file my_file_2.txt (compact mmCIF, C-alpha atoms)
# COMPACT_ATOMS: atom_id res chain seq x y z
CA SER A 37 3.80 -15.00 25.88
CA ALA A 38 2.45 -15.78 22.31
CA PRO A 39 4.54 -13.27 20.34
CA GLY A 40 2.87 -10.04 19.23
CA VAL A 41 2.19 -9.70 15.50
CA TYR A 42 1.91 -6.43 13.52
CA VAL A 43 0.25 -5.80 10.15
CA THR A 44 1.43 -2.39 8.94
CA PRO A 45 0.43 -0.47 5.81
CA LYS A 46 3.42 0.53 3.72
CA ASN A 47 2.07 3.91 2.67
CA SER A 48 -0.31 5.45 5.12
CA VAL A 49 -0.55 9.24 5.76
CA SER A 50 -2.13 11.78 8.04
CA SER A 51 -5.88 11.14 7.97
CA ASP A 52 -9.22 12.25 9.35
CA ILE A 53 -10.87 8.93 8.57
CA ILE A 54 -9.33 5.52 9.06
CA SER A 55 -11.03 2.21 8.17
CA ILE A 56 -10.29 -1.47 8.13
CA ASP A 57 -12.18 -4.77 7.94
CA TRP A 58 -11.33 -7.58 10.40
CA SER A 59 -12.47 -11.16 10.82
CA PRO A 60 -11.55 -13.42 13.77
CA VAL A 61 -10.59 -17.02 13.01
CA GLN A 62 -9.17 -18.53 16.23
CA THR A 63 -9.86 -16.65 19.46
CA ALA A 64 -7.84 -17.53 22.63
CA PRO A 65 -8.80 -15.73 25.85
CA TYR A 66 -7.28 -12.37 26.48
CA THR A 67 -6.45 -11.63 22.86
CA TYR A 68 -6.58 -7.94 21.84
CA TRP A 69 -6.56 -6.94 18.22
CA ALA A 70 -5.76 -3.17 18.01
CA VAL A 71 -6.78 -2.82 14.37
CA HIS A 72 -6.17 0.97 14.42
CA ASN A 73 -3.36 2.79 16.18
CA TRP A 74 -2.39 6.46 15.94
CA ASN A 75 -0.03 9.12 17.30
CA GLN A 76 2.05 7.09 19.71
CA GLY A 77 4.46 9.41 21.56
CA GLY A 78 2.47 12.36 20.21
CA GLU A 79 -0.79 14.10 21.12
CA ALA A 80 -3.93 11.93 21.44
CA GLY A 81 -2.10 8.65 21.08
CA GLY A 82 -4.67 5.91 20.90
CA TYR A 83 -5.96 2.65 19.56
CA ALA A 84 -9.16 0.80 18.82
CA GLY A 85 -10.16 -2.75 18.02
CA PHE A 86 -11.63 -6.00 19.24
CA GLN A 87 -11.04 -8.18 22.28
CA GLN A 88 -11.71 -11.69 23.40
CA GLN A 89 -11.78 -11.32 27.07
CA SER A 90 -12.81 -14.53 28.83
CA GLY A 91 -13.24 -17.82 27.03
CA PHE A 92 -12.38 -19.33 23.66
CA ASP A 93 -15.62 -18.62 21.84
CA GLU A 94 -18.94 -16.64 21.58
CA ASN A 95 -19.94 -17.72 25.12
CA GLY A 96 -17.01 -15.70 26.48
CA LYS A 97 -16.93 -11.94 26.85
CA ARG A 98 -16.31 -10.29 23.44
CA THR A 99 -15.87 -6.60 23.11
CA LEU A 100 -14.83 -3.60 21.10
CA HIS A 101 -12.14 -1.36 22.57
CA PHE A 102 -11.23 2.32 21.98
CA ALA A 103 -8.63 4.18 24.08
CA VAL A 104 -6.88 7.51 24.06
CA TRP A 105 -4.00 8.46 26.34
CA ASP A 106 -3.85 11.41 28.77
CA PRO A 107 -3.84 14.65 26.79
CA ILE A 108 -0.35 16.11 26.67
CA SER A 109 -1.12 19.81 25.85
CA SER A 110 -4.10 20.08 28.24
CA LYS A 111 -4.43 19.29 31.86
CA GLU A 112 -8.12 18.49 31.33
CA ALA A 113 -9.75 15.04 30.99
CA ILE A 114 -11.09 13.46 27.86
CA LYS A 115 -14.91 13.26 28.14
CA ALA A 116 -17.15 10.48 26.92
CA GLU A 117 -19.44 12.50 24.67
CA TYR A 118 -21.28 9.45 23.39
CA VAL A 119 -21.37 5.85 24.55
CA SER A 120 -23.53 3.21 22.89
CA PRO A 121 -26.06 1.06 24.84
CA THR A 122 -23.48 -1.60 25.66
CA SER A 123 -20.52 0.68 26.13
CA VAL A 124 -18.77 1.75 29.31
CA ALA A 125 -16.39 4.60 29.62
CA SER A 126 -13.52 4.68 32.14
CA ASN A 127 -10.33 6.53 33.02
CA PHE A 128 -7.20 5.51 31.16
CA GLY A 129 -3.55 6.51 30.84
CA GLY A 130 -0.74 7.03 33.31
CA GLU A 131 -2.52 9.97 35.09
CA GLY A 132 -6.20 8.98 34.60
CA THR A 133 -7.12 11.89 32.18
CA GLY A 134 -7.24 9.58 29.20
CA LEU A 135 -10.30 7.56 28.39
CA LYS A 136 -11.26 4.10 27.23
CA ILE A 137 -14.67 3.00 25.93
CA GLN A 138 -15.23 -0.81 26.09
CA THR A 139 -18.28 -2.12 24.35
CA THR A 140 -19.86 -5.58 24.73
CA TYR A 141 -20.35 -6.75 21.17
CA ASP A 142 -21.23 -10.25 19.99
CA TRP A 143 -18.89 -10.51 17.06
CA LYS A 144 -18.55 -14.00 15.48
CA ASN A 145 -15.73 -16.09 14.04
CA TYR A 146 -15.30 -15.77 10.30
CA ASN A 147 -17.67 -12.82 9.99
CA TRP A 148 -16.40 -9.43 8.88
CA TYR A 149 -16.47 -6.24 10.87
CA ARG A 150 -15.57 -2.81 9.50
CA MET A 151 -14.19 -0.39 12.08
CA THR A 152 -14.17 3.19 10.89
CA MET A 153 -12.81 6.01 12.96
CA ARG A 154 -13.22 9.72 12.29
CA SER A 155 -11.70 12.74 13.90
CA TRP A 156 -13.11 16.25 13.63
CA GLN A 157 -13.04 19.70 15.10
CA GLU A 158 -15.86 20.94 17.25
CA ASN A 159 -16.07 23.79 19.85
CA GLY A 160 -12.29 24.24 19.98
CA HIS A 161 -11.69 20.53 20.74
CA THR A 162 -10.98 17.45 18.70
CA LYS A 163 -13.61 14.69 18.64
CA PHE A 164 -12.74 11.05 17.92
CA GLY A 165 -15.61 8.77 16.80
CA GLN A 166 -15.80 4.96 16.52
CA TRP A 167 -18.26 3.34 14.13
CA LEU A 168 -18.68 -0.39 13.43
CA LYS A 169 -20.29 -2.12 10.42
CA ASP A 170 -21.47 -5.70 10.96
CA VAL A 171 -20.94 -6.84 7.35
CA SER A 172 -23.07 -10.04 7.56
CA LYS A 173 -26.01 -8.16 9.03
CA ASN A 174 -25.33 -5.12 6.83
CA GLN A 175 -25.76 -2.85 9.84
CA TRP A 176 -23.74 0.19 10.96
CA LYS A 177 -23.57 1.26 14.61
CA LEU A 178 -22.17 4.31 16.36
CA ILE A 179 -20.05 3.06 19.25
CA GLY A 180 -18.41 6.00 20.99
CA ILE A 181 -17.21 9.53 20.75
CA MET A 182 -14.46 11.02 22.80
CA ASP A 183 -14.19 14.78 23.41
CA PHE A 184 -10.44 15.51 23.49
CA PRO A 185 -9.47 18.92 24.98
CA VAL A 186 -6.91 20.02 22.37
CA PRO A 187 -7.74 21.42 18.96
CA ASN A 188 -6.33 20.32 15.60
CA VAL A 189 -5.33 16.71 16.25
CA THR A 190 -5.89 14.04 13.58
CA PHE A 191 -4.78 10.46 12.92
CA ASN A 192 -1.39 11.95 12.19
CA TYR A 193 0.80 8.79 11.96
CA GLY A 194 1.28 5.25 13.40
CA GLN A 195 -1.27 3.29 11.45
CA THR A 196 -0.86 -0.44 12.17
CA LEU A 197 -2.67 -3.48 13.53
CA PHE A 198 -1.31 -5.42 16.52
CA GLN A 199 -2.50 -8.79 17.75
CA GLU A 200 -1.55 -9.25 21.42
CA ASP A 201 -1.69 -12.01 24.00
CA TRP A 202 -1.89 -9.67 27.01
CA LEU A 203 -2.03 -12.30 29.81
CA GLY A 204 0.66 -14.82 28.95
CA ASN A 205 -0.99 -17.83 27.43
CA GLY A 206 1.25 -18.68 24.44
CA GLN A 207 -0.15 -22.20 24.12
CA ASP A 208 -3.48 -21.13 22.63
CA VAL A 209 -3.48 -20.09 18.93
CA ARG A 210 -4.95 -16.65 18.01
CA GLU A 211 -5.63 -15.93 14.29
CA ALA A 212 -7.49 -13.29 12.34
CA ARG A 213 -7.73 -11.67 8.90
CA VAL A 214 -7.84 -8.11 7.56
CA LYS A 215 -8.69 -6.36 4.34
CA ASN A 216 -10.03 -3.12 2.93
CA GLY A 217 -7.59 -0.82 4.70
CA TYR A 218 -8.17 2.87 3.72
CA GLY A 219 -7.54 6.30 5.07
CA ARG A 220 -8.88 9.67 4.05
CA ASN A 221 -6.05 12.18 3.65
CA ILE A 222 -5.80 15.42 5.60
CA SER A 223 -3.81 16.86 2.63
CA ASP A 224 -6.50 16.65 -0.07
CA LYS A 225 -9.47 14.74 1.35
CA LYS A 226 -8.79 11.90 -1.05
CA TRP A 227 -8.50 8.23 -0.13
CA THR A 228 -5.32 6.28 0.35
CA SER A 229 -5.55 2.54 -0.21
CA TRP A 230 -3.46 0.32 2.04
CA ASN A 231 -2.97 -2.24 -0.69
CA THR A 232 0.53 -3.16 0.50
CA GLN A 233 1.10 -4.23 4.13
CA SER A 234 3.90 -5.87 6.04
CA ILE A 235 3.20 -8.76 8.48
CA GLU A 236 5.88 -8.94 11.13
CA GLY A 237 6.23 -10.83 14.47
CA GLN A 238 7.10 -8.50 17.34
CA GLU A 239 10.31 -10.49 18.15
CA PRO A 240 12.56 -11.82 15.42
CA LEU A 241 13.90 -14.52 17.81
CA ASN A 242 10.48 -16.10 18.26
CA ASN A 243 8.90 -17.90 15.28
CA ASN A 244 5.74 -18.96 17.07
CA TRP A 245 3.61 -16.93 14.65
CA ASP A 246 2.90 -16.92 10.87
CA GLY A 247 1.15 -14.89 8.24
CA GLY A 248 0.12 -14.76 4.62
CA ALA A 249 -2.36 -13.58 2.03
CA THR A 250 -5.05 -14.96 -0.13
CA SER A 251 -6.34 -12.85 -2.92
CA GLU A 252 -9.09 -11.56 -0.53
CA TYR A 253 -7.28 -10.91 2.79
CA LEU A 254 -4.15 -10.89 4.85
CA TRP A 255 -4.02 -13.46 7.62
CA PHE A 256 -1.87 -13.77 10.71
CA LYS A 257 -1.59 -16.00 13.78
CA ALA A 258 0.45 -16.58 16.86
CA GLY A 259 0.64 -19.21 19.60
CA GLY A 260 0.13 -22.92 19.74
CA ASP A 261 1.87 -24.76 16.97
CA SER A 262 2.26 -21.66 14.77
CA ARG A 263 5.62 -21.56 13.04
CA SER A 264 6.62 -18.77 10.71
CA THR A 265 6.74 -19.59 7.01
CA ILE A 266 7.75 -15.97 6.15
CA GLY A 267 10.89 -15.57 8.21
CA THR A 268 10.88 -12.54 10.50
CA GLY A 269 8.27 -10.75 8.27
CA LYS A 270 7.13 -10.08 4.79
CA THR A 271 5.10 -7.69 2.66
CA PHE A 272 1.93 -8.77 0.94
CA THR A 273 -0.36 -7.07 -1.55
CA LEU A 274 -4.11 -7.06 -1.93
CA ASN A 275 -5.56 -5.92 -5.22
CA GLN A 276 -8.34 -3.79 -3.82
CA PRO A 277 -10.08 -0.82 -5.27
CA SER A 278 -8.26 2.52 -4.99
CA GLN A 279 -11.48 3.94 -3.37
CA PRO A 280 -13.36 2.27 -0.51
CA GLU A 281 -16.87 0.92 -1.29
CA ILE A 282 -19.14 3.34 0.56
CA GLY A 283 -22.85 2.64 0.91
CA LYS A 284 -25.61 5.11 0.66
CA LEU A 285 -27.17 7.20 3.31
CA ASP A 286 -30.91 6.45 3.42
CA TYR A 287 -33.51 7.36 6.06
CA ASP A 288 -37.19 7.98 6.62
CA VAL A 289 -38.91 10.90 8.33
CA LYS A 290 -41.12 9.49 11.12
CA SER A 291 -42.82 12.57 12.53
CA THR A 292 -43.20 16.20 11.54
CA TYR A 293 -45.57 18.30 13.53
CA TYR A 294 -46.11 21.65 15.01
CA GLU A 295 -48.52 22.37 17.86
CA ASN A 296 -48.45 24.75 20.84
CA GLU A 297 -45.34 26.39 19.39
CA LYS A 298 -43.26 23.21 19.60
CA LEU A 299 -41.79 21.71 16.44
CA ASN A 300 -41.13 17.94 16.58
CA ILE A 301 -39.37 16.20 13.72
CA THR A 302 -37.87 12.69 13.99
CA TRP A 303 -36.29 10.32 11.52
CA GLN A 304 -34.84 6.86 11.39
CA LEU A 305 -31.92 5.70 9.27
CA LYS A 306 -32.68 2.60 7.23
CA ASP A 307 -31.08 -0.53 8.66
CA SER A 308 -28.57 -0.67 5.75
CA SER A 309 -27.70 3.05 5.83
CA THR A 310 -24.28 4.56 6.29
CA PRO A 311 -24.27 6.18 9.74
CA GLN A 312 -25.26 9.74 10.40
CA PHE A 313 -22.57 12.38 11.11
CA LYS A 314 -24.50 15.68 11.20
CA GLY A 315 -27.75 17.39 10.18
CA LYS A 316 -29.51 20.64 9.69
CA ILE A 317 -33.08 21.52 8.92
CA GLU A 318 -34.14 24.53 6.84
CA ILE A 319 -37.67 25.77 7.20
CA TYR A 320 -39.34 27.60 4.31
CA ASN A 321 -42.61 29.55 3.95
CA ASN A 322 -43.21 28.04 0.49
CA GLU A 323 -43.43 24.57 -1.00
CA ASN A 324 -40.79 25.07 -3.73
CA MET A 325 -38.37 26.16 -0.91
CA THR A 326 -37.14 29.08 -2.95
CA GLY A 327 -35.54 32.11 -1.31
CA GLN A 328 -34.10 32.16 2.18
CA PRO A 329 -35.39 29.85 4.86
CA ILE A 330 -37.38 31.62 7.53
CA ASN A 331 -35.68 29.38 10.17
CA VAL A 332 -32.75 27.02 10.42
CA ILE A 333 -32.07 24.35 13.07
CA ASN A 334 -28.30 23.72 12.99
CA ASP A 335 -25.86 21.45 14.80
CA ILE A 336 -27.85 18.29 14.77
CA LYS A 337 -25.40 15.68 16.18
CA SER A 338 -24.38 12.29 14.78
CA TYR A 339 -26.33 10.62 17.65
CA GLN A 340 -29.38 12.84 17.26
CA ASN A 341 -32.53 11.33 15.64
CA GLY A 342 -34.84 14.29 16.01
CA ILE A 343 -35.49 17.84 17.09
CA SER A 344 -37.88 19.20 19.71
CA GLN A 345 -37.88 22.94 19.64
CA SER A 346 -39.98 25.84 20.78
CA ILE A 347 -40.47 28.00 17.73
CA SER A 348 -42.84 30.57 16.12
CA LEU A 349 -43.95 29.43 12.72
CA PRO A 350 -46.63 30.48 10.18
CA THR A 351 -49.49 28.19 9.15
CA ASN A 352 -47.95 26.49 6.12
CA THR A 353 -44.25 25.63 6.36
CA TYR A 354 -42.02 23.12 4.64
CA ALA A 355 -38.94 21.53 6.17
CA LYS A 356 -35.83 20.46 4.33
CA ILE A 357 -33.94 17.93 6.33
CA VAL A 358 -30.30 17.67 5.28
CA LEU A 359 -28.35 14.77 6.77
CA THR A 360 -24.80 13.99 6.15
CA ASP A 361 -23.03 10.71 6.80
CA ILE A 362 -19.58 9.91 8.18
CA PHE A 363 -18.30 9.87 4.57
CA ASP A 364 -19.69 13.41 4.00
CA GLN A 365 -22.48 12.16 1.65
CA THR A 366 -25.62 14.26 2.00
CA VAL A 367 -29.24 13.21 1.50
CA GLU A 368 -32.19 15.60 1.70
CA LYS A 369 -35.84 15.07 2.52
CA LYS A 370 -38.67 17.54 2.10
CA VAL A 371 -41.73 17.39 4.32
CA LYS A 372 -44.68 19.64 5.02
CA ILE A 373 -45.07 20.69 8.65
CA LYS A 374 -48.43 19.34 9.95
CA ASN A 375 -50.55 20.22 13.01
CA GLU A 376 -50.52 16.91 15.07
call {"tool": "encode", "arguments": {"input": "my_file_2.txt", "output": "structure tokens"}}
result
Amino acid sequence: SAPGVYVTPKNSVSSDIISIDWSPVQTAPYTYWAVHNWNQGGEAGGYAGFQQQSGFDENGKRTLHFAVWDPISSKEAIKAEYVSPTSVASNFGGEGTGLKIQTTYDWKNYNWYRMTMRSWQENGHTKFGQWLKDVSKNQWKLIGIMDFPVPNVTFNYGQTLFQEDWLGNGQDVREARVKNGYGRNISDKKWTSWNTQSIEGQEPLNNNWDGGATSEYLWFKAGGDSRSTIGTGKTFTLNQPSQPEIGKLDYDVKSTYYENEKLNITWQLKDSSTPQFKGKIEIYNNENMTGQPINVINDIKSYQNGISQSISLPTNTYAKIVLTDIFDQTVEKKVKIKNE
């Protein structure tokens, strides 16, 4: 019974990547911030964000959320392709063929969290991935990947943030901040900057909410003694870069050996690295890695830190590891294949 509040980009478009930064300020129990929403009333309608479940603070249950409705064009269920160590997947939607992934995550008041989603095509299906950057720690994490049984779906429309009191407790204030809203366009693979966004209470009759902007972020609240200073809603601007600030992909090879016809190669992304999206490894018979590789190991997954493969190799081979991040930046490493 605190009113819902929406923060909606004025000029968003069909996207394959969607990103926003969020920071909680006041956190009543049973507050859900759906910082990304897409395709409502269309195929693969869904949302993702943060939730204060029990409590008012860090001692209560805090989580990330990610849900996608029952597929419309397929009778089949969405599968949890990846869930992180603190994530749990469950059935979701009116007929239980949707999916939600809830992740225990110890996010903190006044700290910033980047949530970046990506959708892509794989094996005739659409995959939806959730990644989270803990800005203070400067650490990315892969959260979850859903395997949706219909090809060619993206984040087509519907971009908005919603702050909801789901249980009824209008007397507790809930407040948070957002910034750095960007999407990557399906049309041309360029970025769209959500520099202009409207803050609007879900019911124009109820003024128990407020919003505004500093030069760094948009802020919004509902509940308690909140009283709108911006009427029924208002548009605010942030003067942010036209392109998002993307980090660098950096990693280290940890093992590279061949023995009893089994090749083992492992790597580890640096703690500050952008997260891994895909990989391949090309194996050459010469150090300069000229000509065609004698072998390729393809389809290394976002969540894959190594290969273990039975393979016939000559005595002196050289491996070129090619990793690409969720922003399609590629970084290569060259290593000689030992006999551990």
call {"tool": "closest_residue", "arguments": {"input": "my_file_2.txt", "among": "A:271, A:354, A:37, A:242", "to": "residue A:324", "atoms": "only C-alpha atoms"}}
result
A:354
call {"tool": "atom_distance", "arguments": {"input": "my_file_2.txt", "atom1": "atom CA of residue A:167", "atom2": "atom CA of residue A:307"}}
result
14.5 Å
call {"tool": "closest_residue", "arguments": {"input": "my_file_2.txt", "among": "A:145, A:157, A:346, A:73", "to": "residue A:295", "atoms": "all atoms listed in the file"}}
result
A:346
call {"tool": "atom_distance", "arguments": {"input": "my_file_2.txt", "atom1": "atom CA of residue A:63", "atom2": "atom CA of residue A:209"}}
result
7.3 Å
call {"tool": "closest_residue", "arguments": {"input": "my_file_2.txt", "among": "A:311, A:194, A:121, A:180", "to": "residue A:81", "atoms": "all atoms listed in the file"}}
result
A:194
call {"tool": "closest_residue", "arguments": {"input": "my_file_2.txt", "among": "A:365, A:87, A:46, A:62", "to": "residue A:233", "atoms": "only C-alpha atoms"}}
result
A:46
call {"tool": "atom_distance", "arguments": {"input": "my_file_2.txt", "atom1": "atom CA of residue A:321", "atom2": "atom CA of residue A:297"}}
result
16.0 Å
call {"tool": "residues_around", "arguments": {"input": "my_file_2.txt", "residues": "residue A:74", "least_positions_apart": "5", "cutoff": "7 Å", "atoms": "only C-alpha atoms", "output": "PyMOL selection string"}}
result
chain A and resi 81-83+191-195
call {"tool": "write_last_selection", "arguments": {"input": "my_file_2.txt", "atoms": "C-alpha atoms", "output": "PDB file, in the frame of the given file"}}
result
ATOM      1  CA  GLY A  81      -2.100   8.650  21.080  1.00  0.00           C
ATOM      2  CA  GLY A  82      -4.670   5.910  20.900  1.00  0.00           C
ATOM      3  CA  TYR A  83      -5.960   2.650  19.560  1.00  0.00           C
ATOM      4  CA  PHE A 191      -4.780  10.460  12.920  1.00  0.00           C
ATOM      5  CA  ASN A 192      -1.390  11.950  12.190  1.00  0.00           C
ATOM      6  CA  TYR A 193       0.800   8.790  11.960  1.00  0.00           C
ATOM      7  CA  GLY A 194       1.280   5.250  13.400  1.00  0.00           C
ATOM      8  CA  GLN A 195      -1.270   3.290  11.450  1.00  0.00           C
TER       9      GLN A 195
END
call {"tool": "closest_residue", "arguments": {"input": "my_file_2.txt", "among": "A:113, A:330, A:357, A:100", "to": "residue A:185", "atoms": "only C-alpha atoms"}}
result
A:113
call {"tool": "closest_residue", "arguments": {"input": "my_file_2.txt", "among": "A:68, A:269, A:313, A:190", "to": "residue A:221", "atoms": "only C-alpha atoms"}}
result
A:190
call {"tool": "residues_around", "arguments": {"input": "my_file_2.txt", "residues": "residue A:115", "least_positions_apart": "3", "cutoff": "12 Å", "atoms": "only C-alpha atoms", "output": "list in words"}}
result
residues 103, 104, 106, 107, 112, 118, 119, 125, 126, 127, 128, 132, 133, 134, 135, 136, 137, 161, 162, 163, 164, 180, 181, 182, 183, 184, 185 and 186 of chain A
call {"tool": "residues_around", "arguments": {"input": "my_file_2.txt", "residues": "residue A:153", "least_positions_apart": "2", "cutoff": "9 Å", "atoms": "all atoms listed in the file", "output": "compact mmCIF listing (two decimals) with C-alpha atoms, in the coordinates of the input"}}
result
# COMPACT_ATOMS: atom_id res chain seq x y z
CA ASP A 52 -9.22 12.25 9.35
CA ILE A 53 -10.87 8.93 8.57
CA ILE A 54 -9.33 5.52 9.06
CA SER A 55 -11.03 2.21 8.17
CA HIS A 72 -6.17 0.97 14.42
CA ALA A 84 -9.16 0.80 18.82
CA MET A 151 -14.19 -0.39 12.08
CA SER A 155 -11.70 12.74 13.90
CA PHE A 164 -12.74 11.05 17.92
CA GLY A 165 -15.61 8.77 16.80
CA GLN A 166 -15.80 4.96 16.52
CA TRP A 167 -18.26 3.34 14.13
CA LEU A 168 -18.68 -0.39 13.43
call {"tool": "residues_around", "arguments": {"input": "my_file_2.txt", "residues": "residue A:139", "least_positions_apart": "5", "cutoff": "6 Å", "atoms": "only C-alpha atoms", "output": "short mmCIF file (atom, residue, chain, number, x, y, z; two decimals) with C-alpha atoms, in the frame of the given file"}}
result
data_model
loop_
_atom_site.label_atom_id
_atom_site.label_comp_id
_atom_site.auth_asym_id
_atom_site.auth_seq_id
_atom_site.Cartn_x
_atom_site.Cartn_y
_atom_site.Cartn_z
CA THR A 99 -15.87 -6.60 23.11
CA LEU A 100 -14.83 -3.60 21.10
CA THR A 122 -23.48 -1.60 25.66
CA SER A 123 -20.52 0.68 26.13
#
call {"tool": "residues_around", "arguments": {"input": "my_file_2.txt", "residues": "stretch 291-293 of chain A", "least_positions_apart": "5", "cutoff": "12 Å", "atoms": "all atoms listed in the file", "output": "PyMOL selection string"}}
result
chain A and resi 298-304+317+319+341-347+349+351-357+369-376
call {"tool": "decode", "arguments": {"input": "my_file_2.txt", "residues": "stretch 292-316 of chain A", "atoms": "N, CA and C atoms", "output": "compact mmCIF listing (two decimals), in the first residue's frame"}}
result
# COMPACT_ATOMS: atom_id res chain seq x y z
N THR A 292 48.27 -25.48 -18.42
CA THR A 292 48.26 -25.82 -19.81
C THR A 292 49.13 -27.00 -20.05
N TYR A 293 48.54 -28.19 -19.89
CA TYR A 293 49.29 -29.40 -20.13
C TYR A 293 48.61 -30.49 -20.90
N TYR A 294 49.46 -31.35 -21.43
CA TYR A 294 49.06 -32.43 -22.25
C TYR A 294 49.81 -33.69 -21.82
N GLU A 295 49.09 -34.79 -21.66
CA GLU A 295 49.64 -35.97 -21.01
C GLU A 295 48.59 -37.05 -21.11
N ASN A 296 48.98 -38.21 -21.62
CA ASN A 296 48.07 -39.35 -21.84
C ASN A 296 46.93 -38.99 -22.74
N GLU A 297 47.23 -38.20 -23.77
CA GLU A 297 46.22 -37.72 -24.73
C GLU A 297 45.04 -36.91 -24.14
N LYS A 298 45.27 -36.20 -23.03
CA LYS A 298 44.26 -35.36 -22.48
C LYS A 298 44.86 -33.99 -22.39
N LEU A 299 44.21 -33.01 -23.03
CA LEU A 299 44.62 -31.61 -22.92
C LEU A 299 43.82 -30.94 -21.81
N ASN A 300 44.52 -30.34 -20.87
CA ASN A 300 43.91 -29.52 -19.78
C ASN A 300 44.45 -28.11 -19.82
N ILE A 301 43.55 -27.16 -20.02
CA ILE A 301 43.86 -25.75 -19.97
C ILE A 301 42.81 -25.08 -19.07
N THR A 302 43.27 -24.23 -18.18
CA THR A 302 42.36 -23.51 -17.24
C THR A 302 42.84 -22.08 -17.17
N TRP A 303 41.91 -21.17 -16.89
CA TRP A 303 42.25 -19.79 -16.68
C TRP A 303 41.40 -19.21 -15.59
N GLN A 304 41.76 -18.02 -15.16
CA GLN A 304 41.00 -17.31 -14.15
C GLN A 304 40.96 -15.84 -14.50
N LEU A 305 39.75 -15.30 -14.63
CA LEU A 305 39.60 -13.86 -14.85
C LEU A 305 40.13 -13.12 -13.62
N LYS A 306 40.78 -11.99 -13.88
CA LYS A 306 41.24 -11.12 -12.81
C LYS A 306 40.02 -10.60 -12.07
N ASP A 307 40.18 -10.38 -10.78
CA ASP A 307 39.06 -9.90 -9.96
C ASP A 307 38.34 -8.67 -10.54
N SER A 308 39.05 -7.77 -11.19
CA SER A 308 38.43 -6.56 -11.75
C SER A 308 37.99 -6.71 -13.19
N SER A 309 37.98 -7.93 -13.75
CA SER A 309 37.73 -8.11 -15.18
C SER A 309 36.23 -7.99 -15.50
N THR A 310 35.93 -7.55 -16.69
CA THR A 310 34.61 -7.70 -17.25
C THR A 310 34.36 -9.21 -17.38
N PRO A 311 33.08 -9.63 -17.31
CA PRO A 311 32.84 -11.07 -17.20
C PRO A 311 32.88 -11.71 -18.56
N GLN A 312 33.25 -12.97 -18.54
CA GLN A 312 33.42 -13.80 -19.73
C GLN A 312 32.05 -14.16 -20.37
N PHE A 313 32.02 -14.13 -21.70
CA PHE A 313 30.81 -14.46 -22.47
C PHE A 313 30.99 -15.72 -23.26
N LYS A 314 32.16 -15.84 -23.94
CA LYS A 314 32.49 -17.04 -24.74
C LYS A 314 34.03 -17.16 -24.97
N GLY A 315 34.44 -18.32 -25.44
CA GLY A 315 35.83 -18.59 -25.73
C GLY A 315 36.01 -19.58 -26.84
N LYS A 316 37.20 -19.53 -27.42
CA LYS A 316 37.66 -20.63 -28.25
C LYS A 316 39.15 -20.71 -28.13
